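Visitor: Quick one: structure below, then a few questions.
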Amino acid sequence: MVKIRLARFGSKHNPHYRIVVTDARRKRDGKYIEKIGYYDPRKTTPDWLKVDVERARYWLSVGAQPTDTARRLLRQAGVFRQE
Amino acid sequence: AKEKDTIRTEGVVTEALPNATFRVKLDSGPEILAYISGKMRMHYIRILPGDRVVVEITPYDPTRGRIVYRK
Amino acid sequence: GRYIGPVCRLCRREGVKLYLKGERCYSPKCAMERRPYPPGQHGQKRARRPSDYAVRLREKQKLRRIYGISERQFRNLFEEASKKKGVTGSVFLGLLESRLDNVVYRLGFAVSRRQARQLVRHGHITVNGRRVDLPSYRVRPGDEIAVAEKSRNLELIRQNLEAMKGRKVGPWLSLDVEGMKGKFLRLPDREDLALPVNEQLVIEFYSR
Amino acid sequence: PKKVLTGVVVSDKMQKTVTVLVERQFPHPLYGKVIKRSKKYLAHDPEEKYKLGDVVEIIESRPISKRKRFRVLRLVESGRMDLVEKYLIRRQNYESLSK
Amino acid sequence: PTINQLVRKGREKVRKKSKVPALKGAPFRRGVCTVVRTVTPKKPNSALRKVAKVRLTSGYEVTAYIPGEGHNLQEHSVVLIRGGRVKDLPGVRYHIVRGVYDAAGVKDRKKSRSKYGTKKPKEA
Amino acid sequence: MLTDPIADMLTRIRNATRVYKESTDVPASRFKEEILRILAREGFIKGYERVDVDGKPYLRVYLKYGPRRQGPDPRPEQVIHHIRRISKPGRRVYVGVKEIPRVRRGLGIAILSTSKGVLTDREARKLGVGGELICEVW
RNA sequence: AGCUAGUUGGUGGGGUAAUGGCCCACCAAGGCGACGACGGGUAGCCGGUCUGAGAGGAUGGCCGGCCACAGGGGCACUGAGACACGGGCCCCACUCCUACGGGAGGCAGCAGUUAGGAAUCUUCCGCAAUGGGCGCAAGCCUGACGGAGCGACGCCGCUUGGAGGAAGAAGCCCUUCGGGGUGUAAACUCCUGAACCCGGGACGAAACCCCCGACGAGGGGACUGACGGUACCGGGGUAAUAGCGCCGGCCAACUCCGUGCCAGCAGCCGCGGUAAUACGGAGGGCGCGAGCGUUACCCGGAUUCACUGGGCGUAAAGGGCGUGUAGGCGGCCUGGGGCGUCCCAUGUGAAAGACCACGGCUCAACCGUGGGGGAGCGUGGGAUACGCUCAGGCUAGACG
Ligand SMILES: [Mg+2]
Ligand SMILES: [Mg+2]
Ligand SMILES: [Mg+2]
Ligand SMILES: [Mg+2]
Ligand SMILES: [Mg+2]
Ligand SMILES: [Mg+2]
Ligand SMILES: [Mg+2]
Ligand SMILES: [Mg+2]
Ligand SMILES: [Mg+2]
Ligand SMILES: [Mg+2]
Ligand SMILES: [Mg+2]
Ligand SMILES: [Mg+2]
Ligand SMILES: [Mg+2]
Ligand SMILES: [Mg+2]
Ligand SMILES: [Mg+2]
Ligand SMILES: [Mg+2]
Ligand SMILES: [Mg+2]
Ligand SMILES: [Mg+2]
Ligand SMILES: [Mg+2]
Ligand SMILES: [Mg+2]
Ligand SMILES: [Mg+2]
Ligand SMILES: [Mg+2]
Ligand SMILES: [Mg+2]
Ligand SMILES: [Mg+2]
Ligand SMILES: [Mg+2]
Ligand SMILES: [Mg+2]
Ligand SMILES: [Mg+2]
Ligand SMILES: [Mg+2]
Ligand SMILES: [Mg+2]
Ligand SMILES: [Mg+2]
Ligand SMILES: [Mg+2]
Ligand SMILES: [Mg+2]
Ligand SMILES: [Mg+2]
Ligand SMILES: [Mg+2]
Ligand SMILES: [Mg+2]
Ligand SMILES: [Mg+2]
Ligand SMILES: [Mg+2]
Ligand SMILES: [Mg+2]
Ligand SMILES: [Mg+2]
Ligand SMILES: [Mg+2]
């Protein structure tokens with residue numbers, strides 16, 4: 001299965017996440033397919049979370065299955081919204 | 001520390017050996033390999049086999065000595 | 001840590017006065033004003049031909065000591081300067097100056113550089129809004145330095161302010177002398193500063 | 001873009017197999033002096049339509065034999081034994097300089 | 001020479017032999033002595049330098065230079081070697097590192113301590 | 001056999017400059033002529049023409065020199081100090097448009113043969129081309 | 001220095017998801033090779049890492065990708081996928097039980113034991129985050145992971161105070177006996193206030209879940225912390241660890257006593273055999289600073305394997321010459337091909353790093369974000385001066 005999932009990248013107590021497109025069976029930090037989003041849970045950043053929407057949509061269309069956190073993030077950045 | 005546990009014992013020079021090293025027959029037992037002291041070298045005081053010389057011997061290895069005394 | 005020990009000894013070594021205590025290192029007392037010779041036994045001994053390396057080394061020591069920094073840190077700063085585009089020397093000097101403790105000193109917030117550093121450490125100094133207690137800090141220009149509010153009470157600070165109340169600051173800095181504030185505007189130049197440094201020599205020393 | 005090469009027939013001793021020497025010219029990684037490297041490829045031709053002395057186009061194909069992975073696309077130019085002769089001479093020399 | 005020649009052969013990369021077969025490039029190697037004696041240097045120098053034939057955990061028996069002011073080492077004693085050519089002596093490319101195992105520190109040493117394995121003396 | 005022509009020509013020129021011979025000879029080719037033209041344009045030579053000595057096409061190469069500076073070694077000032085044929089045979093050096101050398105950081109030239117004819121480094125830069133670095137000149 | 005007999009090819013078959021000498025039967029007698037085969041050693045490979053002006057050279061730890069292996073060997077099976085790390089079968093090596101017939105094992109998973117060894121961690125907590133598997137889901141598991149512990153092992157940050165304070169206390173050391181040094185260093189005055197105590201105390205965690213809405217979007221609500229009562233803020237609050245190397249030249253720093261080619265130092269030259277700036281100690285200095293030195297190993301400096309960039313009459317170095325194969329190189333003109341060569345476009349060159357910009361942790365390390373570059377390689381177009389190649393011709397080379 002291909003998932004849009006999150007990848008930790010930062011440091012001890014200072015995490016950062018890459019909302020990413022990739023096969024299930026990889027290292028949670030491994031060679032993914034495409035970087036499409038970045039998010040910080042610590043929200044420190046004025047521009048913290050940002051995703052690239054069109055790419056995400058495309059991925060969804062092919063049938064990339066997002067995990068829960070990732071899904072939430074997508075929703076927040078309005079990938080799942082429809083108008 | 002500068003250690004003077006050194007033995008200052010007499011020995012009649014037995015063997016003419018190379019490099020101003022001379023096996024000298026001690027009266028502290030056998031003939032050890034005893035070499036010339038630098039002073040002797042400086043003063044050009046010649047040792048031939050048969051000289052009753054004082055030979056400086058450290059306990060660590062008595063194998064080697066030193067011709068301290070000018071014959 | 002720092003140097004931390006006998007200071008005007010460094011002054012003595014250098015051959016030139018280095019204002020490292022401020023006052024006294026202003027009066028007839030830096031031991032340089034009187035006693036103008038290297039420390040140790042052979043102070044008045046025949047003054048000999050310094051090696052090409054040696055002069056450079058001395059220069060480096062002068063400069064490094066002036067700001068009072070660990071060698072490692074200095075080296076790092078130099079490296080950074082080299083990396084960054086521009087005249088590696090002048091730029092290096094500017095970077096050195098841009099240091100928090102030095103900035104504090106140049107404002108007349110403390111008469112001495114070590115003293116300034118101490119002040120900075122102790123949560124007496126606040127840049128823009130936060131206290132900063134780490135004297136190596138890069139004051140990036142367009143920045144305001146202030147005395148902390150819960151410590152702007154201190155007698156020493158007041159005295160220091162008075163000592164600069166009137167007398168003119170450098171053209172790259174500024175200050176509010178009343179509300180205990182300060183401005184950093186221009187990242188200073190080689191020609192903005194009057195240190196007995198000859199930074200070329202320092203650079204040469206570093207090269208190998 | 002099925003990798004294609006201009007090479008020269010050097011042998012037809014095997015059924016349907018034409019041996020082709022590709023002389024590839026590239027510049028040395030360190031020196032840049034332009035070297036001339038020959039590599040043999042055994043090529044598939046169901047006709048034996050090709051002979052020694054012929055220069056041919058060679059296509060990177062699907063295999064037919066362990067170490068025969070090229071079909072002969074097309075004939076370029078016949079009547080240049082020159083290049084083959086040299087190779088043969090070299091081969092002969094190879095046996096000589098041993099013992 | 002000329003580029004074609006170079007291409008044919010290349011440059012024979014200067015493959016470097018090490019000055020120490022303590023093996024594994026091991027910064028230190030431990031061993032036990034077979035003998036412990038003193039050795040005359042050569043023709044530039046005349047002194048008596050203390051040295052020990054030491055068998056190794058790799059098997060290579062090395063005479064090894066004891067430094068300091070005078071050792072306490074006997075025979076069946078564990079010693080640790082740092083290498084590093086001694087100029088005067090033959091067969092000896094090795095310093096014993098005093099301050100570990102049986103080679104106890106240089107007593108009375110008061111200046112350059114670390115090299116010798118001397119604990120800090122207590123001031124006033 | 002004259003294994004390089006261009007290099008030989010260059011060498012001859014150098015020799016002439018050394019000995020203060022005002023004009024040298026050298027067999028005629030198109031490439032050579034082009035090179036000479038470039039040199040002339042630059043100002044490395046007074047002039048050149050194409051004679052027929054014996055019956056064989058040849059080039060009059062009118063050499064250039066600097067004013068006779070007096071004193072110790074009065075010998076005329078050198079215009080071409082050094083000229084090295086870079087892309088020798090059996091070592092053909094092709095530089096890209098990124099790689100075209102800053103020869104004496106400006107003061108002199110590299111004669112580059114390009115797809116767009118024989119020329120100098122500045123010219124190459126102007127057109128935006130790389131090619132073969134026949135020779136270095138200063 | 002020759003290697004090869006399933007070995008190189010063919011025909012037919014089998015086997016495979018699929019090509020194939022993968023295997024087999026039959027036929028052919030080839031195939032590779034000095035442009036370095038086979039043989040031996042060595043060694044996971046790389047993105048990179050370090051050095052380096054660069055070209056390069058070494059290195060391939062962590063982090064990422066690929067491979068290969070799970071005591072050694074051999075084999076399949078099941079399955080989408082293994083020849084299957086904590087699945088199976090077999091022989092052997094080894095440990096364990098045994099009622100001697102036989103069984104059970106495999107930490108190169110985390111942690112730990114043991115050995116080896118210079119040397120390398122806690123038989124830690126947690127499912128909170130993120131990811132994995134299962135599942136409608138709740139949830140279940142998860143030594144992936146997230147953290148803490150131990151080690152100056154590395155990098156980076158901070159403290160060991162600061163301000164005054166003698167024409168110069170003592171202590172110690174040197175002296176030409178006046179003096180100088182230590183050194184504003186101390187003491188002493190003043191201030192600050194790591195430690196340290198108490199008060200509060202997180203961001204990381206809003207989802208999945210429930211309901212309105214059709215189980216869609218959207219909207220409201222709830223639970224949810226190993227770190228850790230930590231980070232951090234507020235008050236209080238004490239002047240509160242300095243070390244290590246060197247000190248002849250290189251190389252930055254000099255004197256005295258002790259020693260006398262002895263004891264000793266040494267990275268090299270070398271120093272020491274009685275006035276040692278080289279040894280031991282003291283003061284003084286100088287380097288660095290919670291480190292600093294030694295050793296190992298790599299590069300550099302070594303333009304000392306040299307492409308950038310070395311040479312060869314005498315220094316190491318021209319072979320004894322000749323002919324000649326491969327190979328390398330090659331006059332002048334004209335024209336074509338366009339392989340080299342160049343160029344443009346474009347595809348690639350994953351992320352991480354390195355480089356620039358900005359941002360975040362009080363700075364910085366560290367991280368985040370954005371950008372740029374990038375040798376090489378593929379694909380389409382272009383250019384023909386140069387090399388290649390094809391054709392024609394020339395006479396300077398060469399031959400007659
Ligand atoms: Mg989850
Ligand atoms: Mg003795
Ligand atoms: Mg078939
Ligand atoms: Mg086979
Ligand atoms: Mg092998
Ligand atoms: Mg191996
Ligand atoms: Mg390499
Ligand atoms: Mg196995
Ligand atoms: Mg199956
Ligand atoms: Mg298995
Ligand atoms: Mg398994
Ligand atoms: Mg496997
Ligand atoms: Mg383990
Ligand atoms: Mg043990
Ligand atoms: Mg052990
Ligand atoms: Mg660990
Ligand atoms: Mg638990
Ligand atoms: Mg249940
Ligand atoms: Mg369990
Ligand atoms: Mg971890
Ligand atoms: Mg003080
Ligand atoms: Mg107080
Ligand atoms: Mg508390
Ligand atoms: Mg000196
Ligand atoms: Mg020493
Ligand atoms: Mg000499
Ligand atoms: Mg020394
Ligand atoms: Mg000394
Ligand atoms: Mg530090
Ligand atoms: Mg160190
Ligand atoms: Mg000779
Ligand atoms: Mg010939
Ligand atoms: Mg030929
Ligand atoms: Mg050719
Ligand atoms: Mg030609
Ligand atoms: Mg990248
Ligand atoms: Mg990036
Ligand atoms: Mg910042
Ligand atoms: Mg022709
Ligand atoms: Mg003739």
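Labels used: A, B, ... for chains in the order of the structure tokens, numbers from 1 for residues in each chain, and numbers from 1 for ligands as shown.
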Give me, as JSON lines, each residue of stretch 62-81 of chain G that comes within 12 Å of stretch 28-42 of chain A, together with its shortest interatomic pair and the distance in Å at one decimal, counting only C-alpha atoms (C1' of nucleotides), with rows ordered by chain and rising residue number.
Guide:
```
{"residue": "G:63", "atom": "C1'", "partner": "A:29", "partner_atom": "CA", "distance": 10.1}
{"residue": "G:64", "atom": "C1'", "partner": "A:30", "partner_atom": "CA", "distance": 6.5}
{"residue": "G:65", "atom": "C1'", "partner": "A:31", "partner_atom": "CA", "distance": 7.0}
{"residue": "G:66", "atom": "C1'", "partner": "A:31", "partner_atom": "CA", "distance": 11.3}
```
Visitor: Could you please take those selected residues and save N, CA and C atoms (P, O5', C5', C4', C3', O3' and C1' of nucleotides) as a PDB file, in the first residue's frame?
Guide:
```pdb
ATOM      1  P     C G  63      22.488   4.695  12.043  1.00  0.00           P
ATOM      2  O5'   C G  63      21.959   5.924  11.176  1.00  0.00           O
ATOM      3  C5'   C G  63      21.475   7.138  11.792  1.00  0.00           C
ATOM      4  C4'   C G  63      21.130   8.155  10.733  1.00  0.00           C
ATOM      5  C3'   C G  63      20.656   7.579   9.409  1.00  0.00           C
ATOM      6  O3'   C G  63      19.302   7.168   9.411  1.00  0.00           O
ATOM      7  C1'   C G  63      22.320   9.181   8.982  1.00  0.00           C
ATOM      8  P     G G  64      18.918   5.781   8.734  1.00  0.00           P
ATOM      9  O5'   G G  64      18.848   6.151   7.187  1.00  0.00           O
ATOM     10  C5'   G G  64      17.822   7.023   6.681  1.00  0.00           C
ATOM     11  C4'   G G  64      17.963   7.194   5.190  1.00  0.00           C
ATOM     12  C3'   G G  64      18.144   5.913   4.396  1.00  0.00           C
ATOM     13  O3'   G G  64      16.872   5.375   4.072  1.00  0.00           O
ATOM     14  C1'   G G  64      19.831   7.444   3.788  1.00  0.00           C
ATOM     15  P     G G  65      16.693   3.802   3.914  1.00  0.00           P
ATOM     16  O5'   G G  65      17.239   3.526   2.446  1.00  0.00           O
ATOM     17  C5'   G G  65      16.558   4.065   1.308  1.00  0.00           C
ATOM     18  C4'   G G  65      17.412   3.931   0.076  1.00  0.00           C
ATOM     19  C3'   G G  65      17.882   2.524  -0.243  1.00  0.00           C
ATOM     20  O3'   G G  65      16.837   1.769  -0.837  1.00  0.00           O
ATOM     21  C1'   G G  65      19.703   4.002  -0.420  1.00  0.00           C
ATOM     22  P     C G  66      16.450   0.339  -0.232  1.00  0.00           P
ATOM     23  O5'   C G  66      17.464  -0.633  -0.980  1.00  0.00           O
ATOM     24  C5'   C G  66      17.423  -0.732  -2.412  1.00  0.00           C
ATOM     25  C4'   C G  66      18.795  -0.976  -2.981  1.00  0.00           C
ATOM     26  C3'   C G  66      19.422  -2.322  -2.675  1.00  0.00           C
ATOM     27  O3'   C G  66      18.771  -3.393  -3.352  1.00  0.00           O
ATOM     28  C1'   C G  66      21.057  -0.641  -2.464  1.00  0.00           C
TER      29        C G  66
END
```
Visitor: Using the chain letters and numbers from this document, which residues of chain B does DSSP assign to helix (DSSP H, G or I), as JSON, numbers by chain?
Guide: {"B": [18, 19, 20, 38, 39, 40, 41, 42, 43]}
Visitor: Put those residues in a file: N, CA, C and O atoms, as a compact mmCIF listing (two decimals), in the first residue's frame.
Guide:
```
# COMPACT_ATOMS: atom_id res chain seq x y z
N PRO B 18 85.03 -4.72 20.58
CA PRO B 18 84.88 -3.51 19.76
C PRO B 18 84.34 -2.27 20.49
O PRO B 18 83.77 -2.39 21.58
N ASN B 19 84.55 -1.10 19.87
CA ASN B 19 83.92 0.19 20.25
C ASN B 19 84.26 0.72 21.66
O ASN B 19 83.46 1.43 22.29
N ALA B 20 85.46 0.37 22.12
CA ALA B 20 85.97 0.64 23.49
C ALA B 20 85.16 -0.03 24.62
O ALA B 20 85.25 0.37 25.80
N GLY B 38 82.95 8.15 29.63
CA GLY B 38 83.15 9.25 28.70
C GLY B 38 84.37 10.09 29.01
O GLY B 38 85.02 10.58 28.08
N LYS B 39 84.67 10.22 30.30
CA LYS B 39 85.84 10.96 30.77
C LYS B 39 87.11 10.37 30.17
O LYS B 39 87.98 11.10 29.68
N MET B 40 87.19 9.04 30.20
CA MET B 40 88.34 8.31 29.68
C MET B 40 88.51 8.60 28.19
O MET B 40 89.63 8.86 27.73
N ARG B 41 87.39 8.56 27.47
CA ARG B 41 87.35 8.84 26.04
C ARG B 41 87.90 10.24 25.76
O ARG B 41 88.73 10.43 24.85
N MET B 42 87.43 11.19 26.56
CA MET B 42 87.84 12.58 26.45
C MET B 42 89.35 12.72 26.63
O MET B 42 90.02 13.41 25.84
N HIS B 43 89.88 12.05 27.65
CA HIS B 43 91.30 12.13 28.04
C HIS B 43 92.23 11.17 27.26
O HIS B 43 93.46 11.20 27.45
```
Visitor: Using only C-alpha atoms (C1' of nucleotides) and all ligand atoms, which residues of the polymer chains come no farther than 9 Å from ligand 28? I'd like the answer as a PDB file with C-alpha atoms (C1' of nucleotides), in the first residue's frame.
Guide:
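Heads up, here's the output in result-v9.pdb:
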```pdb
ATOM      1  CA  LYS E 111      57.071  18.691  36.266  1.00  0.00           C
TER       2      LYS E 111
ATOM      3  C1'   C G 247      59.895  26.489  27.140  1.00  0.00           C
ATOM      4  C1'   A G 278      67.926  21.062  25.538  1.00  0.00           C
ATOM      5  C1'   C G 279      68.333  16.321  31.693  1.00  0.00           C
ATOM      6  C1'   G G 280      65.779  16.600  37.266  1.00  0.00           C
ATOM      7  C1'   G G 281      63.649  20.575  40.254  1.00  0.00           C
TER       8        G G 281
END
```
Visitor: Enumerate the residues of chain E with a DSSP assignment of strand (DSSP E or B), computed from the backbone, and present them as a PyMOL selection string.
Guide: chain E and resi 29-39+49-56+62-65+78-83+95-96+100+103
Visitor: So which residues are near ligand 39, meaning at most 10 Å away with only C-alpha atoms (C1' of nucleotides) and all ligand atoms counted, given back as a list in words?
Guide: residues 390, 391, 392 and 393 of chain G
Visitor: Please list as a PDB file with N, CA and C atoms (P, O5', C5', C4', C3', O3' and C1' of nucleotides), in the first residue's frame every residue within 12 Å of residue E:21, counting only C-alpha atoms (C1' of nucleotides) and excluding residues in the same chain fewer than 5 positions away.
Guide:
```pdb
ATOM      1  N   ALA E  26      46.729  -0.504  16.462  1.00  0.00           N
ATOM      2  CA  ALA E  26      46.211  -0.349  17.804  1.00  0.00           C
ATOM      3  C   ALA E  26      47.074   0.667  18.557  1.00  0.00           C
ATOM      4  N   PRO E  27      46.470   1.821  18.912  1.00  0.00           N
ATOM      5  CA  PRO E  27      47.060   2.974  19.600  1.00  0.00           C
ATOM      6  C   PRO E  27      47.898   2.564  20.778  1.00  0.00           C
ATOM      7  N   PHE E  28      47.554   1.408  21.322  1.00  0.00           N
ATOM      8  CA  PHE E  28      48.217   0.822  22.448  1.00  0.00           C
ATOM      9  C   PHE E  28      48.061  -0.670  22.337  1.00  0.00           C
ATOM     10  N   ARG E  29      49.093  -1.398  22.729  1.00  0.00           N
ATOM     11  CA  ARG E  29      48.925  -2.816  22.907  1.00  0.00           C
ATOM     12  C   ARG E  29      49.588  -3.296  24.171  1.00  0.00           C
ATOM     13  N   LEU E  56      53.532 -10.217  23.275  1.00  0.00           N
ATOM     14  CA  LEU E  56      52.327  -9.483  22.958  1.00  0.00           C
ATOM     15  C   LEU E  56      51.109 -10.371  22.801  1.00  0.00           C
ATOM     16  N   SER E  58      49.323 -10.131  20.348  1.00  0.00           N
ATOM     17  CA  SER E  58      49.409 -10.462  18.923  1.00  0.00           C
ATOM     18  C   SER E  58      50.592 -11.417  18.600  1.00  0.00           C
ATOM     19  N   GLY E  59      51.513 -11.576  19.556  1.00  0.00           N
ATOM     20  CA  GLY E  59      52.599 -12.560  19.463  1.00  0.00           C
ATOM     21  C   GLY E  59      53.996 -12.027  19.192  1.00  0.00           C
ATOM     22  N   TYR E  60      54.075 -10.801  18.671  1.00  0.00           N
ATOM     23  CA  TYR E  60      55.335 -10.154  18.281  1.00  0.00           C
ATOM     24  C   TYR E  60      56.119  -9.738  19.512  1.00  0.00           C
ATOM     25  N   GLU E  61      57.243 -10.404  19.766  1.00  0.00           N
ATOM     26  CA  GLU E  61      58.084 -10.029  20.899  1.00  0.00           C
ATOM     27  C   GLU E  61      58.833  -8.754  20.591  1.00  0.00           C
ATOM     28  N   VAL E  62      58.591  -7.725  21.398  1.00  0.00           N
ATOM     29  CA  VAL E  62      59.331  -6.475  21.236  1.00  0.00           C
ATOM     30  C   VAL E  62      60.043  -6.031  22.493  1.00  0.00           C
ATOM     31  N   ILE E  81      52.045  -0.671  25.698  1.00  0.00           N
ATOM     32  CA  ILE E  81      53.011  -0.066  24.778  1.00  0.00           C
ATOM     33  C   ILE E  81      52.360   0.985  23.894  1.00  0.00           C
ATOM     34  N   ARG E  82      53.032   2.122  23.713  1.00  0.00           N
ATOM     35  CA  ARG E  82      52.525   3.179  22.829  1.00  0.00           C
ATOM     36  C   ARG E  82      53.260   3.303  21.496  1.00  0.00           C
ATOM     37  N   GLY E  83      54.348   2.551  21.347  1.00  0.00           N
ATOM     38  CA  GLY E  83      55.180   2.640  20.153  1.00  0.00           C
ATOM     39  C   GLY E  83      56.003   3.917  20.094  1.00  0.00           C
ATOM     40  N   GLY E  84      56.335   4.330  18.870  1.00  0.00           N
ATOM     41  CA  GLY E  84      57.046   5.583  18.619  1.00  0.00           C
ATOM     42  C   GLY E  84      58.537   5.365  18.723  1.00  0.00           C
ATOM     43  N   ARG E  85      59.183   5.267  17.559  1.00  0.00           N
ATOM     44  CA  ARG E  85      60.628   5.034  17.414  1.00  0.00           C
ATOM     45  C   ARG E  85      61.504   5.729  18.439  1.00  0.00           C
ATOM     46  N   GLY E  91      66.105  -2.198  17.350  1.00  0.00           N
ATOM     47  CA  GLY E  91      64.981  -3.131  17.523  1.00  0.00           C
ATOM     48  C   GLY E  91      63.833  -2.582  18.350  1.00  0.00           C
ATOM     49  N   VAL E  92      64.011  -1.356  18.829  1.00  0.00           N
ATOM     50  CA  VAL E  92      63.120  -0.765  19.796  1.00  0.00           C
ATOM     51  C   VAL E  92      62.454   0.408  19.097  1.00  0.00           C
ATOM     52  N   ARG E  93      61.165   0.257  18.832  1.00  0.00           N
ATOM     53  CA  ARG E  93      60.405   1.286  18.137  1.00  0.00           C
ATOM     54  C   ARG E  93      59.255   1.708  19.022  1.00  0.00           C
ATOM     55  N   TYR E  94      59.399   1.384  20.300  1.00  0.00           N
ATOM     56  CA  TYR E  94      58.282   1.357  21.210  1.00  0.00           C
ATOM     57  C   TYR E  94      58.623   1.929  22.560  1.00  0.00           C
TER      58      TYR E  94
ATOM     59  P     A G 296      52.740   6.342  16.721  1.00  0.00           P
ATOM     60  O5'   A G 296      51.438   5.630  16.146  1.00  0.00           O
ATOM     61  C5'   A G 296      51.177   4.239  16.407  1.00  0.00           C
ATOM     62  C4'   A G 296      49.724   3.925  16.158  1.00  0.00           C
ATOM     63  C3'   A G 296      49.203   4.350  14.794  1.00  0.00           C
ATOM     64  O3'   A G 296      49.418   3.263  13.915  1.00  0.00           O
ATOM     65  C1'   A G 296      47.683   5.010  16.505  1.00  0.00           C
TER      66        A G 296
END
```
Visitor: Give the residue list for ligand 2 at 7 Å, counting only C-alpha atoms (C1' of nucleotides) and all ligand atoms, as a list in words, sorted by chain and then by residue number.
Guide: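 So the residues close to ligand 2 are residues 6, 56, 57 and 58 of chain B; 262 of chain G.
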Visitor: Could you please take those selected residues and save C-alpha atoms (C1' of nucleotides) as a PDB file, in the first residue's frame?
Guide:
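out06.pdb was written with the following content:
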```pdb
ATOM      1  CA  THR B   6      75.621   1.353  41.903  1.00  0.00           C
ATOM      2  CA  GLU B  56      80.215   0.710  37.837  1.00  0.00           C
ATOM      3  CA  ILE B  57      77.416  -1.878  38.041  1.00  0.00           C
ATOM      4  CA  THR B  58      73.683  -1.165  38.427  1.00  0.00           C
TER       5      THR B  58
ATOM      6  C1'   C G 262      75.818   9.389  34.755  1.00  0.00           C
TER       7        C G 262
END
```
Visitor: Return as JSON, numbers by chain every polymer residue, whether protein, DNA or RNA, with at least one atom no more than 10 Å from an atom of ligand 38; count only C-alpha atoms (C1' of nucleotides) and all ligand atoms.
Guide: {"C": [138], "G": [358, 359, 360, 361, 362, 363, 364]}
Visitor: Just want the 12 Å neighbourhood of residue G:297, counted on only C-alpha atoms (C1' of nucleotides), with same-chain residues fewer than 6 positions away dropped. Output as a list in words.
Guide: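 Once the adjacent positions are removed, what remains is residues 16, 18, 19, 20, 23, 24, 25, 26 and 27 of chain E; 58 and 59 of chain G.
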Visitor: As a PyMOL selection string, please: the residues near residue E:102 (cut-off 9 Å, only C-alpha atoms (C1' of nucleotides), same-chain neighbours under 5 positions excluded).
Guide: chain E and resi 72-74+77-80
Visitor: Would you mind telling me which residue in E:13, E:8, E:119, E:76 lies nearest to chain D when using only C-alpha atoms?
Guide: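 Distance minimum relative to chain D lands on E:8.
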Visitor: So that I can check the surroundings of stretch 28-37 of chain C, please list as a PDB file with N, CA, C and O atoms, in the first residue's frame every protein, DNA and RNA residue that reaches within 6 Å of it, counting only C-alpha atoms (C1' of nucleotides) and ignoring chain neighbours fewer than 4 positions away.
Guide:
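Contents of part-v1.pdb, freshly written:
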```
ATOM      1  N   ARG C  12      50.833  44.276  29.644  1.00  0.00           N
ATOM      2  CA  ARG C  12      52.284  44.325  29.814  1.00  0.00           C
ATOM      3  C   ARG C  12      52.965  43.536  28.698  1.00  0.00           C
ATOM      4  O   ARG C  12      53.928  44.009  28.077  1.00  0.00           O
ATOM      5  N   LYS C  17      48.944  49.370  25.789  1.00  0.00           N
ATOM      6  CA  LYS C  17      47.781  49.436  26.659  1.00  0.00           C
ATOM      7  C   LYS C  17      46.543  48.854  25.987  1.00  0.00           C
ATOM      8  O   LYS C  17      46.252  49.141  24.821  1.00  0.00           O
ATOM      9  N   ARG C  24      41.213  53.109  35.702  1.00  0.00           N
ATOM     10  CA  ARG C  24      42.554  52.604  36.106  1.00  0.00           C
ATOM     11  C   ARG C  24      43.348  52.137  34.881  1.00  0.00           C
ATOM     12  O   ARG C  24      44.456  52.629  34.650  1.00  0.00           O
ATOM     13  N   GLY C  43      61.816  41.109  32.004  1.00  0.00           N
ATOM     14  CA  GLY C  43      60.953  42.188  31.531  1.00  0.00           C
ATOM     15  C   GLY C  43      61.712  43.291  30.831  1.00  0.00           C
ATOM     16  O   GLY C  43      61.307  43.752  29.761  1.00  0.00           O
TER      17      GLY C  43
END
```
Visitor: Rank nothing, just name the residue among G:144, G:38, G:261, G:375 nearest to chain E, using only C-alpha atoms (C1' of nucleotides).
Guide: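 Counting only C-alpha atoms (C1' of nucleotides), the residue closest to chain E is G:261.
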